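The chain below stands alone, shown as structure tokens; this is the form deposited in one PDB entry.
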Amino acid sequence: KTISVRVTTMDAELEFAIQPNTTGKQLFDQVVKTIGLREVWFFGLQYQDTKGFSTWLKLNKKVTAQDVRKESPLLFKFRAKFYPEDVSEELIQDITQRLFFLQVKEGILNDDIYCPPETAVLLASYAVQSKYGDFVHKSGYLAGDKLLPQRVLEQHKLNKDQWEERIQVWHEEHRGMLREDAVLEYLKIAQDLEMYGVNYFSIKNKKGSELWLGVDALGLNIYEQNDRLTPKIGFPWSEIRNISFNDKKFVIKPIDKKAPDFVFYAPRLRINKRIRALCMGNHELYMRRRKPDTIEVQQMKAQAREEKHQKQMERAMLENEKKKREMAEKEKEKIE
């Protein structure tokens, strides 16, 4: 009757049972409802199709109707398909910031997002303040954690302990900072990386030259094969009139009627379709951002501002009572 389904978020292993007629939308809604997520626009469910490829689940189509790998349970990954332009301004809920922080942290540690050594150490200390809190405390406490990318550890011949000492220094500066604030500070720094939130695809021009295509929140970018940090030519969403898609081929059409069209090719149709989905999705988010916030969004932001300010003042009063009780304790004891 039912199909057992596993849905792994960055920090949850959710088990569900779908009906044979369950749509991807029904499954998605249950996932976000269970984790208590409102900002769904950035997210989607990934799966390995029977051919071995990473695929986004189509929500307006039965889960059973797609090329879901024939295993028990069905394995899906809940992850962020789209990135914001600014984490501070667009990642309102703590659940959203934590799920983006863990996915970005994963990408940094796997060498997928280039991060320089000094920045990697700074990032690691924020991950530490979030896990370990304030910090007697502990010695060799960071030995069992994955804290830096492998190219950082490779390039720098620092023994394991020297890295933890270098991060421990940064971790002691952080003392006082909330776990929630460490998560936002990680995202603030991580979002300035060149590879952050960029979807790379291997393309060829009309000549047949091998290039890279980046699809990000602010537009499109063309990279040389030997360099994915610096785009050779960039296309902001504000300058793209449209992108024409036709079987492995895509044409970036400019808003400047004097500017030329740009023709590129995907090696397979799977890749071209993937490009179109991320182009359409990112430009729609971009469109939303140019138009002022929904009253729903303005209120959600105000709600979060009220909650954070209440927590800040609640903590400021506990600290003030510590000084008052201590002050009275000394005022009484002086007597004799």
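A residue's number is simply how far along the shown sequence it sits, counting from 1.
Quick note: we don't show the form deposited with a partner chain bound, though the next part is all about it.
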property: 4.5 Å heavy atom contact, residue 77 and the partner chain in the deposited bound form; result: no
property: In the deposited bound form, residue 71 touching the partner chain (heavy atom, 4.5 Å); result: no
property: Proximity of residue 221 to the partner chain in the deposited bound form, heavy atoms at 4.5 Å; result: yes
property: 4.5 angstroms heavy atom contact with the partner chain in the deposited bound form for residue 140; result: no
property: Interface residue in the deposited bound form among 191, 103, 93, 168, criterion: non-hydrogen atom within 4.5 angstroms of the partner chain; result: 191
property: In the deposited bound form, the residue from 160, 206, 175, 179 that sits within 4.5 Å of the partner chain by heavy atoms; result: 206
